[PDB]
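What follows is a set of notes on a single structure, which appears directly below.
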Amino acid sequence: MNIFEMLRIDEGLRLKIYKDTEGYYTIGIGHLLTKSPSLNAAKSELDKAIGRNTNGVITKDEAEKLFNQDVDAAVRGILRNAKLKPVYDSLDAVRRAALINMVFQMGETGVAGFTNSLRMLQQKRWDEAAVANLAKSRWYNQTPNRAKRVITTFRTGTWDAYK
C-alpha cells in the first residue's frame, strides 16, 4: 500500500479523457485537464503535458507520472498553508497520504476548514467528537466510504482500511 494505490482505489485510474463530477475534462487519477467546455482544448492540454500526440488516450506509465507531479504539487501547496503546513509537519507517511487524499478530493481550502477536527482525530481527548463532527460533513455525505476509509487512516496511521 502506497498513495498511488490508495488513490486508484478511491478516485480510480482512467486512461481516456473523462468528465468529472462537475463535467470537466480529467484524465488518469483525477488529473483535471481544463475548465473549458471544449474537448480540443482538453486534448491540446493533454498533449502538451504528455509530450506526444495521445489523442485522448494515455498509458498506465504516463498516468502515474502525471499523478506524481500532482502529488508533489499538492505537497508544495500544503507547505505554503499556514494552517496545514504544521499538521502536515507532524503526520507520519501514512497519515500524510490521508490528507493529501483529501486535498485531492477537495482542495487546500476544502481541507483547511477541517484543521482542528483533523488535529483532534489524533487526540484521545477529542478523537470521538472529531469523527462525529466529520461525519456531519457533506464530504462524508457525498462519498461516505472514501471518507470513512480516509478517516480511519488518519486515525490509525495504518493502511488496513485499504486491504
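To be explicit about the labels: the chains of the C-alpha cells are called A, B, and onward in the order shown, and within each one the residues are counted from 1, while ligands get numbers from 1 in the order they are shown.
Once range 95-99 of chain A and its same-chain neighbours fewer than 2 positions away are set aside, residues 3, 91, 92, 93, 101, 102, 150, 154 and 157 of chain A remain within 6 Å of it when counting only C-alpha atoms.
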Please list as number ranges by chain every residue within 10 Å of range 78-87 of chain A, counting only C-alpha atoms and excluding residues in the same chain fewer than 5 positions away. A: 72-73, 95-96, 99-100, 103, 107-109, 111-116, 118-119
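With only C-alpha atoms as the basis for measurement, A:40 is the residue among A:90, A:40, A:141, A:152 that approaches residue 55 in chain A most closely.
Here the residues within chain A that DSSP labels strand (DSSP E or B) on the basis of the backbone are residues 14, 15, 16, 17, 18, 19, 25, 26, 27, 28, 31, 32, 33, 34 and 57 of chain A.
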Selection export as a PDB file, in the first residue's frame, atoms kept: N, CA and C atoms:
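Saved result, again21.pdb, follows:
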```pdb
ATOM      1  N   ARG A  14      -8.322   6.274 -14.896  1.00  0.00           N
ATOM      2  CA  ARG A  14      -8.888   6.238 -16.225  1.00  0.00           C
ATOM      3  C   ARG A  14      -7.906   6.656 -17.357  1.00  0.00           C
ATOM      4  N   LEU A  15      -7.636   5.799 -18.353  1.00  0.00           N
ATOM      5  CA  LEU A  15      -6.662   6.108 -19.407  1.00  0.00           C
ATOM      6  C   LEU A  15      -7.145   6.934 -20.624  1.00  0.00           C
ATOM      7  N   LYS A  16      -8.387   7.429 -20.546  1.00  0.00           N
ATOM      8  CA  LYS A  16      -9.050   8.192 -21.591  1.00  0.00           C
ATOM      9  C   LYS A  16      -9.655   9.380 -20.953  1.00  0.00           C
ATOM     10  N   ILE A  17      -9.622  10.471 -21.663  1.00  0.00           N
ATOM     11  CA  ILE A  17     -10.263  11.653 -21.139  1.00  0.00           C
ATOM     12  C   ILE A  17     -11.711  11.346 -20.710  1.00  0.00           C
ATOM     13  N   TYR A  18     -12.041  11.808 -19.521  1.00  0.00           N
ATOM     14  CA  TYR A  18     -13.359  11.713 -18.971  1.00  0.00           C
ATOM     15  C   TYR A  18     -13.834  13.060 -18.388  1.00  0.00           C
ATOM     16  N   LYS A  19     -15.163  13.200 -18.135  1.00  0.00           N
ATOM     17  CA  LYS A  19     -15.718  14.347 -17.444  1.00  0.00           C
ATOM     18  C   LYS A  19     -15.787  14.081 -15.912  1.00  0.00           C
ATOM     19  N   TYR A  25     -13.053  18.069 -18.085  1.00  0.00           N
ATOM     20  CA  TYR A  25     -12.177  17.026 -18.609  1.00  0.00           C
ATOM     21  C   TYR A  25     -11.078  16.709 -17.630  1.00  0.00           C
ATOM     22  N   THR A  26     -10.894  15.418 -17.408  1.00  0.00           N
ATOM     23  CA  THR A  26      -9.973  14.848 -16.471  1.00  0.00           C
ATOM     24  C   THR A  26      -9.382  13.630 -17.069  1.00  0.00           C
ATOM     25  N   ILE A  27      -8.205  13.335 -16.654  1.00  0.00           N
ATOM     26  CA  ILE A  27      -7.645  12.090 -17.123  1.00  0.00           C
ATOM     27  C   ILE A  27      -6.888  11.440 -15.972  1.00  0.00           C
ATOM     28  N   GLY A  28      -6.606  10.146 -16.097  1.00  0.00           N
ATOM     29  CA  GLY A  28      -5.820   9.378 -15.126  1.00  0.00           C
ATOM     30  C   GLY A  28      -6.446   9.295 -13.711  1.00  0.00           C
ATOM     31  N   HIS A  31      -6.780  13.794 -12.748  1.00  0.00           N
ATOM     32  CA  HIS A  31      -5.994  14.866 -13.276  1.00  0.00           C
ATOM     33  C   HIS A  31      -6.871  15.770 -14.196  1.00  0.00           C
ATOM     34  N   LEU A  32      -7.363  16.905 -13.685  1.00  0.00           N
ATOM     35  CA  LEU A  32      -8.174  17.855 -14.442  1.00  0.00           C
ATOM     36  C   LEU A  32      -7.363  18.479 -15.564  1.00  0.00           C
ATOM     37  N   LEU A  33      -7.929  18.413 -16.776  1.00  0.00           N
ATOM     38  CA  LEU A  33      -7.270  18.982 -17.962  1.00  0.00           C
ATOM     39  C   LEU A  33      -7.539  20.463 -18.107  1.00  0.00           C
ATOM     40  N   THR A  34      -8.784  20.819 -18.076  1.00  0.00           N
ATOM     41  CA  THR A  34      -9.076  22.197 -18.274  1.00  0.00           C
ATOM     42  C   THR A  34     -10.484  22.459 -17.776  1.00  0.00           C
ATOM     43  N   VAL A  57      -5.887   9.387 -25.187  1.00  0.00           N
ATOM     44  CA  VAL A  57      -5.537   8.135 -24.579  1.00  0.00           C
ATOM     45  C   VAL A  57      -4.098   8.088 -24.041  1.00  0.00           C
TER      46      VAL A  57
END
```
Alpha helix (DSSP H) residues, from DSSP on the backbone, in chain A, as a PDB file with C-alpha atoms, in the first residue's frame:
```pdb
ATOM      1  CA  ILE A   3      -0.501   6.683  -2.016  1.00  0.00           C
ATOM      2  CA  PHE A   4      -0.698   5.636  -5.671  1.00  0.00           C
ATOM      3  CA  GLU A   5      -2.687   2.566  -4.768  1.00  0.00           C
ATOM      4  CA  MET A   6      -4.834   4.380  -2.329  1.00  0.00           C
ATOM      5  CA  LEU A   7      -5.934   6.965  -4.909  1.00  0.00           C
ATOM      6  CA  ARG A   8      -6.561   4.341  -7.590  1.00  0.00           C
ATOM      7  CA  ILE A   9      -8.854   2.676  -5.075  1.00  0.00           C
ATOM      8  CA  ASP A  10     -10.505   5.997  -4.163  1.00  0.00           C
ATOM      9  CA  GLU A  11     -10.519   8.052  -7.324  1.00  0.00           C
ATOM     10  CA  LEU A  39     -12.814  18.871 -25.904  1.00  0.00           C
ATOM     11  CA  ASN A  40      -9.878  20.042 -28.222  1.00  0.00           C
ATOM     12  CA  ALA A  41      -8.582  22.354 -25.529  1.00  0.00           C
ATOM     13  CA  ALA A  42      -8.583  19.294 -23.315  1.00  0.00           C
ATOM     14  CA  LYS A  43      -6.520  17.435 -25.935  1.00  0.00           C
ATOM     15  CA  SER A  44      -4.107  20.224 -26.574  1.00  0.00           C
ATOM     16  CA  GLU A  45      -3.606  20.335 -22.754  1.00  0.00           C
ATOM     17  CA  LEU A  46      -3.086  16.653 -22.632  1.00  0.00           C
ATOM     18  CA  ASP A  47      -0.579  16.534 -25.364  1.00  0.00           C
ATOM     19  CA  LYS A  48       1.444  19.392 -24.065  1.00  0.00           C
ATOM     20  CA  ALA A  49       1.566  17.619 -20.738  1.00  0.00           C
ATOM     21  CA  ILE A  50       2.321  14.193 -22.140  1.00  0.00           C
ATOM     22  CA  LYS A  60      -0.602   3.470 -17.316  1.00  0.00           C
ATOM     23  CA  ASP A  61       3.036   4.727 -17.182  1.00  0.00           C
ATOM     24  CA  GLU A  62       2.083   8.295 -18.282  1.00  0.00           C
ATOM     25  CA  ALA A  63      -0.896   8.438 -15.750  1.00  0.00           C
ATOM     26  CA  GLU A  64       1.402   7.654 -12.928  1.00  0.00           C
ATOM     27  CA  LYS A  65       3.870  10.275 -13.927  1.00  0.00           C
ATOM     28  CA  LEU A  66       1.098  12.773 -14.070  1.00  0.00           C
ATOM     29  CA  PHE A  67      -0.028  11.596 -10.761  1.00  0.00           C
ATOM     30  CA  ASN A  68       3.382  12.029  -9.180  1.00  0.00           C
ATOM     31  CA  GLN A  69       3.667  15.536 -10.310  1.00  0.00           C
ATOM     32  CA  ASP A  70       0.246  16.338  -8.915  1.00  0.00           C
ATOM     33  CA  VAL A  71       1.111  14.799  -5.680  1.00  0.00           C
ATOM     34  CA  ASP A  72       4.390  16.962  -5.454  1.00  0.00           C
ATOM     35  CA  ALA A  73       2.250  19.923  -6.403  1.00  0.00           C
ATOM     36  CA  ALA A  74      -0.152  19.262  -3.531  1.00  0.00           C
ATOM     37  CA  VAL A  75       2.724  18.847  -1.123  1.00  0.00           C
ATOM     38  CA  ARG A  76       4.162  22.250  -2.150  1.00  0.00           C
ATOM     39  CA  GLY A  77       0.865  23.832  -1.737  1.00  0.00           C
ATOM     40  CA  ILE A  78       0.239  22.046   1.661  1.00  0.00           C
ATOM     41  CA  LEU A  84      -1.977  22.843   7.034  1.00  0.00           C
ATOM     42  CA  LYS A  85       1.693  23.042   6.961  1.00  0.00           C
ATOM     43  CA  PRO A  86       2.099  22.268  10.651  1.00  0.00           C
ATOM     44  CA  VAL A  87      -0.349  19.327  10.739  1.00  0.00           C
ATOM     45  CA  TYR A  88       1.456  18.072   7.869  1.00  0.00           C
ATOM     46  CA  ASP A  89       4.830  18.619   9.525  1.00  0.00           C
ATOM     47  CA  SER A  90       3.677  16.428  12.248  1.00  0.00           C
ATOM     48  CA  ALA A  93       3.918   8.983   5.979  1.00  0.00           C
ATOM     49  CA  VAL A  94       0.658   7.121   6.206  1.00  0.00           C
ATOM     50  CA  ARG A  95      -1.330   9.944   7.696  1.00  0.00           C
ATOM     51  CA  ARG A  96       0.129  12.390   5.303  1.00  0.00           C
ATOM     52  CA  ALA A  97      -1.285  10.170   2.424  1.00  0.00           C
ATOM     53  CA  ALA A  98      -4.790  10.555   4.034  1.00  0.00           C
ATOM     54  CA  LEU A  99      -4.539  14.292   3.997  1.00  0.00           C
ATOM     55  CA  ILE A 100      -3.177  14.545   0.529  1.00  0.00           C
ATOM     56  CA  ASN A 101      -6.072  12.368  -0.435  1.00  0.00           C
ATOM     57  CA  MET A 102      -8.498  14.955   0.986  1.00  0.00           C
ATOM     58  CA  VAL A 103      -6.713  17.708  -0.674  1.00  0.00           C
ATOM     59  CA  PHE A 104      -7.022  15.871  -3.947  1.00  0.00           C
ATOM     60  CA  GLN A 105     -10.696  15.336  -3.424  1.00  0.00           C
ATOM     61  CA  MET A 106     -11.483  18.874  -2.161  1.00  0.00           C
ATOM     62  CA  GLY A 107      -8.524  21.201  -2.261  1.00  0.00           C
ATOM     63  CA  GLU A 108      -6.275  23.071   0.230  1.00  0.00           C
ATOM     64  CA  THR A 109      -9.229  25.146   1.006  1.00  0.00           C
ATOM     65  CA  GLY A 110     -11.826  22.454   1.498  1.00  0.00           C
ATOM     66  CA  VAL A 111      -9.392  20.707   3.808  1.00  0.00           C
ATOM     67  CA  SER A 117     -11.143  18.176  13.584  1.00  0.00           C
ATOM     68  CA  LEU A 118      -8.089  16.807  11.822  1.00  0.00           C
ATOM     69  CA  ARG A 119      -5.886  17.820  14.615  1.00  0.00           C
ATOM     70  CA  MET A 120      -8.077  16.040  17.088  1.00  0.00           C
ATOM     71  CA  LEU A 121      -8.618  12.683  15.246  1.00  0.00           C
ATOM     72  CA  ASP A 127     -10.977  11.968  18.859  1.00  0.00           C
ATOM     73  CA  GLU A 128     -14.621  10.670  19.135  1.00  0.00           C
ATOM     74  CA  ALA A 129     -16.118  14.216  18.776  1.00  0.00           C
ATOM     75  CA  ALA A 130     -13.770  14.972  15.873  1.00  0.00           C
ATOM     76  CA  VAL A 131     -15.191  11.879  13.977  1.00  0.00           C
ATOM     77  CA  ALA A 132     -18.714  12.824  14.730  1.00  0.00           C
ATOM     78  CA  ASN A 133     -18.147  16.206  13.524  1.00  0.00           C
ATOM     79  CA  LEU A 134     -16.606  14.812  10.325  1.00  0.00           C
ATOM     80  CA  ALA A 135     -19.491  12.574   9.656  1.00  0.00           C
ATOM     81  CA  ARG A 138     -21.168  16.992   3.081  1.00  0.00           C
ATOM     82  CA  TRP A 139     -17.925  15.416   2.249  1.00  0.00           C
ATOM     83  CA  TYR A 140     -18.788  12.378   4.090  1.00  0.00           C
ATOM     84  CA  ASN A 141     -22.295  12.526   2.726  1.00  0.00           C
ATOM     85  CA  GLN A 142     -21.388  12.545  -0.886  1.00  0.00           C
ATOM     86  CA  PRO A 144     -19.156   8.035   2.575  1.00  0.00           C
ATOM     87  CA  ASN A 145     -16.729   5.092   2.104  1.00  0.00           C
ATOM     88  CA  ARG A 146     -13.879   7.143   0.695  1.00  0.00           C
ATOM     89  CA  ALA A 147     -14.392   9.485   3.767  1.00  0.00           C
ATOM     90  CA  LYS A 148     -14.682   6.516   6.031  1.00  0.00           C
ATOM     91  CA  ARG A 149     -11.503   4.994   4.668  1.00  0.00           C
ATOM     92  CA  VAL A 150      -9.727   8.402   4.845  1.00  0.00           C
ATOM     93  CA  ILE A 151     -10.606   8.951   8.468  1.00  0.00           C
ATOM     94  CA  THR A 152      -9.732   5.518   9.697  1.00  0.00           C
ATOM     95  CA  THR A 153      -6.310   6.061   8.102  1.00  0.00           C
ATOM     96  CA  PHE A 154      -5.873   9.339   9.691  1.00  0.00           C
ATOM     97  CA  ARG A 155      -6.925   7.929  12.941  1.00  0.00           C
ATOM     98  CA  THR A 156      -4.969   4.800  12.782  1.00  0.00           C
TER      99      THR A 156
END
```
